[PDB]
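To start, the structure itself, in structure tokens.
Atoms considered below: every heavy atom in the structure, side chains included; atoms not considered: hydrogens, waters and symmetry mates. In what follows, residues are counted from 1 in the order of the sequence shown.
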Amino acid sequence: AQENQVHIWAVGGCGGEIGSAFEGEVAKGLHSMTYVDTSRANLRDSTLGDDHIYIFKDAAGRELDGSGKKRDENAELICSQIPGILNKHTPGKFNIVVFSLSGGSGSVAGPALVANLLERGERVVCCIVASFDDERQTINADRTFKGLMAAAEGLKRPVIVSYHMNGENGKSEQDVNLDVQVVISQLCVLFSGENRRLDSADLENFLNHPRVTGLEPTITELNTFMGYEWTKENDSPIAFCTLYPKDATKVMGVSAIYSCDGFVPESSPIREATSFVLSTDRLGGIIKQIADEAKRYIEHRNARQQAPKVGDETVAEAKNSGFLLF
Ligand SMILES: Nc1nc2c(ncn2[C@@H]2O[C@H](COP(=O)(O)CP(=O)(O)OP(=O)(O)O)[C@@H](O)[C@H]2O)c(=O)[nH]1
């Protein structure tokens, strides 16, 4: 029982915790939100009912209890159950899939949701939080980013990603959550459809940029800025869409292949011009950073001292039940 203009998919524990701040917005009809996870451990106190919560189930129809950072543990079940999620929870006109590249559940059900929505022709913008605390997390993040790039190339439709880092500038998880919440709120205001000069076709061409730009469909990065100071550093984006308050001066000095304009209603919570910029020039740095983390963890792993193994003849001596040598 919520408005379906904007749909938020909280995938995994990181997605569910990030999106827990938008429950009141669902209560106010601003947007609809669906929790997708393999575990209910994080969702023990959510205000939203179980009709907005979907938990993956195994063959026996029993709800799972997390993947434990093992992407291949339940990948088949997730990929098989993704269409049922979209049937039960009707995807919104604009979808904001939030997931973490490091977990074993969000990093699988996130890209699966994105790929299924893109194949259905839906408009989806991802919010991504990547962590590099353990080697398994780094490998999962690298695999998920490669999979998203492959999905963008093979679906002939860009995968728009709002990339965030847990360890960037020494920020805690709370700061990253606040950043993702700001990005999601700005996207919800952009996708509300109440902007004066912004149409559905404009947003369709903005998200599916190669329709107008003609560039190769690849993974695209989304950056959000307030004011006009961002024109100096991102003067050459692929595309950008700006929402202005009342009697706000336009943005100049930006040379983009595609551009859109919108006007915020007088009652909307926007007081300065907000821009949504698409670019792929910073993807190389992200890939290099992920590869550096993977290389660091692999060089740490190769230095592991070999575990002291008991003799093979001792294992022959241990063929009795209980592995007692006597
Ligand atoms: N910035 C944030 N990072 C988070 C948050 N929750 C988890 N994480 C980070 O993400 C990593 C764990 O990934 P997830 O929480 O998505 C694990 P997942 O839910 O897929 O596994 P299960 O708990 O078995 O379902 C780990 O590095 C955490 O520090 C969060 O709310 N914010």
Nearest-0.5 Å distance, [atom1] of residue [X] to [atom2] of residue [Y]:
X	Y	atom1	atom2	result
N195	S268	CG	OG	7.5 Å
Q289	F145	CD	CZ	10.5 Å
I270	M226	CD1	CE	8.5 Å
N42	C14	CG	SG	9.5 Å
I55	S39	CD1	OG	7.0 Å
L64	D37	CG	CG	10.0 Å

What residues form a ring-ring contact (aromatic ring centres under 6.0 Å, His included) with [X], not counting sequence neighbours?
X	result
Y297	none
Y228	none
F276	none

If you count the non-hydrogen atoms of other residues, nucleotides and ligands that lie under 6.0 Å from [atom1] in [X], is the total more than 12?
X	atom1	result
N320	CG	yes
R282	CZ	no
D312	CG	no
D65	CG	no
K70	NZ	yes
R120	CZ	yes
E63	CD	yes

Do the side chains of [X] and [Y] get close enough for a salt bridge, i.e. N-O under 4.0 angstrom?
X	Y	result
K28	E25	yes
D261	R196	no
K146	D142	yes

4.5 Å side-chain heavy-atom contact, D281 and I238: no
Write down the atom of [X], the atom of [Y], and the distance for their closest heavy-atom approach.
X	Y	value
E23	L48	CG-CG, 4.0 Å
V11	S105	CG1-O, 4.4 Å
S46	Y35	OG-CE1, 3.7 Å
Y258	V212	CD1-CG1, 3.6 Å
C188	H31	SG-ND1, 3.3 Å
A141	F132	CB-CE2, 3.7 Å

Worked check of side-chain contact (heavy atoms from CB on, under 4.5 Å) between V183 and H164: CA-CA 10 Å; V183 175; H164 300 267; 3.9 Å; yes
Co-membership, hydrophobic cluster, residues [X] and [Y], 4.5 Å side-chain:
X	Y	result
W9	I160	no
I128	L178	no
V98	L43	yes
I184	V124	no
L155	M149	yes

Check: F240 ring centre within less than 6.0 Å of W230 ring centre: yes
Test item: side-chain donor near acceptor, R296 and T138, under 3.5 Å: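 No, because no side-chain N or O of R296 sits under 3.5 Å from a partner of the opposite role on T138.
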Derivation of the side-chain hydrogen bond (donor to acceptor under 3.5 Å, both in side chains) call for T274 and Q186: CA-CA 8 Å; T274 302; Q186 285 155 335; 4.8 Å; no
Derivation of the side-chain hydrogen bond (donor to acceptor under 3.5 Å, both in side chains) call for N4 and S32: CA-CA 5 Å; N4 206 26; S32 56; 3.2 Å; yes
Whether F263 and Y244 hold their rings parallel, tilted or perpendicular, with breakpoints at 30° and 60°: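 Ring orientation of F263 relative to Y244: tilted.
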N/O donor-acceptor pair under 3.5 Å between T90 side chain and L86 backbone: no
Exam field: side chain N87 to backbone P83, donor-acceptor pair closer than 3.5 Å: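 Yes, the answer is positive, given that a donor and an acceptor are paired below the 3.5 Å cut-off.
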Step-by-step side-chain contact (heavy atoms from CB on, under 4.5 Å) determination, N223 to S279: CA-CA 8 Å; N223 291 318; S279 57; 4.1 Å; yes
